[PDB]
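Protein chains in written order, with the authors' numbering: chain h, 16 to 119; chain t, 1 to 98; chain J, 4 to 56; chain r, 9 to 132; chain p, 82 to 152; chain n, 4 to 130.
Have a look at the structure below before the remarks.
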RNA sequence: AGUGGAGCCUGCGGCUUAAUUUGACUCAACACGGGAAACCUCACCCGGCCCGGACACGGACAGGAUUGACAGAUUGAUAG
């Protein structure tokens, strides 16, 4: 039977995330699994605020760094192992990809 | 610190066999990583290693308030005699060669 | 002949410090960083934090 | 194996036992070790200051396996166990006695261990 | 500088005179050890240990802090 | 020099419990009644690891006759809340640089030692 | 729109304090040191423990170098 599988992809790097996502989608359908297509989730902006000045005299100067984590999921439905197998191969560095047994 | 030369030999043997030994630095700590001499702040493990170090035999790298002991060639020879175990027993380095 | 040399701390800023030095005031505990701000400035490149705004 | 000499046969066992941690040196440790079955040798001095020391040792030996072999000079007995390097003009812990000592656990096979054990059995 | 200095003598190390240590029991001929002082029955006791006489407290220093006659 | 009807004339309740009843209850039964600051200290503390200090109080109260006050018993703590057991003692209450000596009378019960010792001048500028 | 005027808050000066740790002095010092500090912290001040005197060399010295501790003395601490 078909099994509902959720592929979560998490990263911070648009271009890398995007062309990993590409490869998963394209290779999925190529030897037949569900296509779906990406559910983009809101990018989360982690904001850290610090004093720019060690030892505070002068003027109030503040520095704010952000780090933008990006999340997307894709729900494929098709059979068990050959899903998570054909997907998770052909990638090694720098974009997290999680294949989850979640969803019935 | 203080403590017998039964604790000291235990530490030295573990350094010899692994080829690494580690401690961490805090005075509010209770307990160094890699077994230690067990719920105590910075001391016994560090001091046994420090004594060993003074006479050569181990190279210490410090960074991010942690002590990485890296076993030296001369140290492999010294501990081999001190432990008095057969004259090759393989100290966990030389292993695979590139 | 130690009898006491620690005392329980889990209270205020005095119970934690930077993970490369000992420091107080402005200790980032958010995201499990556990570094003082002054140190964090020099390592802000290495965590992945970046300024654009 | 081997058959060695009788006096050097003791010394090697004393040295091994020290590193193992199992050489009872001086009266308090020697007596405690003797009165327990961990002991399997007792080498006494008989050149002790105030031989009440030796009398107490011999008395202790009677219970919990009797082991007796006598050797001469306190200082030599001390040195044999190891408390000096036998090097340099000084040593910081240099040559001093320990008098009567008791060996708990030989801790090695063959050699001097085998010699002393064999000698002890056919002696007693 | 704060406050803090102290005299010492060995205010900082222990020696307890020079110690008597183990010189007690009574021996008659070869070989027996006949009780002197008091003896302490515990499992953390040795086998030639004593209770220091110090009368109306009688405490085995081989025991950790415990095991005391007050007789 | 100890207990009620003696160094008191303000009397009545401290806080809900009359000094008569107070002095002949134990601290157990005291914290049950009308006591909120004291109650938090005793509950969370749980007999409060000031053990030896408290024993020195009882010791010098005992060895001195009940007709007179103790030989004075110092403490470094000043966060100690006066409990009826203590009362009639004479307590050296540390200020981090001075021990002010304060007899604990029946009017002081439920108050803190620290409030009867000073770290602070009446404040002057040449006044 | 106020601010300066008022109350309080917070930093700063001066005094006072055994201690009021301390950097800074038009701007380019001054609710500024992400500094909203109970003690703890803590630098300051009032006291006390410990050696983390490693290592090498010398001496002492296993007849006991050193470790622990009852009760009593003590002391903030039945902290041997």
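Where a beta carbon is used, it is the ideal one built from N, C-alpha and C, also for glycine.
Residue range of the unbroken beta strand (DSSP E) whose run includes residue i
i	result
residue 81 of chain h	77-93
residue 126 of chain n	Premise fails: residue 126 of chain n is in no beta strand (DSSP E) and is neither H nor E.
residue 62 of chain h	59-66
residue 80 of chain n	Where residue 80 of chain n is concerned, there is no enclosing beta strand (DSSP E), given that its DSSP letter is neither H nor E.
residue 55 of chain J	Note, residue 55 of chain J: premise wrong, no beta strand (DSSP E); not H, not E.
Reduced DSSP category for residue i - H, G, I as helix; E, B as strand; rest coil
i	result
residue 152 of chain p	coil
residue 19 of chain t	coil
residue 2 of chain t	coil
residue 103 of chain n	strand
residue 89 of chain r	helix
residue 119 of chain p	strand
residue 30 of chain J	strand
residue 90 of chain n	coil
residue 119 of chain h	coil
residue 111 of chain h	strand
residue 40 of chain t	coil
residue 42 of chain J	helix
residue 111 of chain r	strand
residue 94 of chain t	coil
residue 51 of chain r	strand
residue 78 of chain r	strand
residue 32 of chain r	strand
residue 54 of chain h	strand
residue 29 of chain h	helix
residue 37 of chain n	coil
residue 6 of chain J	coil
residue 37 of chain J	coil
residue 128 of chain p	coil
residue 43 of chain n	helix
residue 40 of chain r	helix
residue 57 of chain t	coil
Span of the alpha helix (DSSP H), counted from its first residue to its last, around residue i
i	result
residue 21 of chain h	Counting along the chain, residue 21 of chain h falls outside any alpha helix (DSSP H), though it belongs to the beta strand (DSSP E) covering 18-26.
residue 61 of chain n	54-66
residue 23 of chain r	16-28
residue 26 of chain n	22-26
residue 101 of chain p	It is not in any alpha helix (DSSP H) - residue 101 of chain p carries neither H nor E in the DSSP assignment.
residue 85 of chain p	That residue, residue 85 of chain p, is in no alpha helix (DSSP H); it is neither H nor E in DSSP.
residue 126 of chain r	119-131
residue 78 of chain t	73-83
residue 54 of chain t	45-54
Cβ-based neighbour list, residue i, same chain, cut-off 7 angstroms, excluding 5 preceding and 5 following
i	result
residue 95 of chain n	75, 76, 77, 78, 102, 104
residue 54 of chain r	62, 78, 80
residue 138 of chain p	149, 151
residue 120 of chain r	12, 17, 20, 21
residue 117 of chain r	none
residue 56 of chain r	62, 82, 107
residue 93 of chain r	99
Identity of the residues DSSP links to residue i by a beta bridge
i	result
residue 67 of chain t	t/23, t/62
residue 134 of chain p	p/139
residue 104 of chain h	Residue 104 of chain h pairs with nothing; no bridge assigned.
residue 97 of chain n	n/102
residue 61 of chain r	Beta-bridge pairing links residue 61 of chain r to no other residue.
residue 112 of chain n	n/114
residue 16 of chain n	n/21
C-beta contact flag for residue i and residue j at 8 angstroms
i	j	result
residue 36 of chain r	residue 103 of chain p	yes
residue 21 of chain h	residue 117 of chain h	yes
residue 99 of chain h	residue 25 of chain h	no
residue 70 of chain r	residue 110 of chain r	no
residue 85 of chain r	residue 101 of chain r	no
residue 25 of chain n	residue 33 of chain n	yes
residue 80 of chain n	residue 49 of chain n	no
residue 41 of chain r	residue 112 of chain r	yes
residue 91 of chain n	residue 5 of chain n	yes
residue 44 of chain t	residue 37 of chain t	yes
residue 39 of chain t	residue 30 of chain t	yes
Residues near residue i in its chain [Cβ-Cβ closer than 6 angstroms; skip 5 each side]
i	result
residue 91 of chain t	16, 19, 76
residue 104 of chain h	none
residue 45 of chain n	34
residue 34 of chain r	106
Close-in-space but distant-in-sequence residues of the same chain around residue i (CB under 8 angstroms, 5 per side omitted)
i	result
residue 45 of chain r	72, 73
residue 35 of chain t	14
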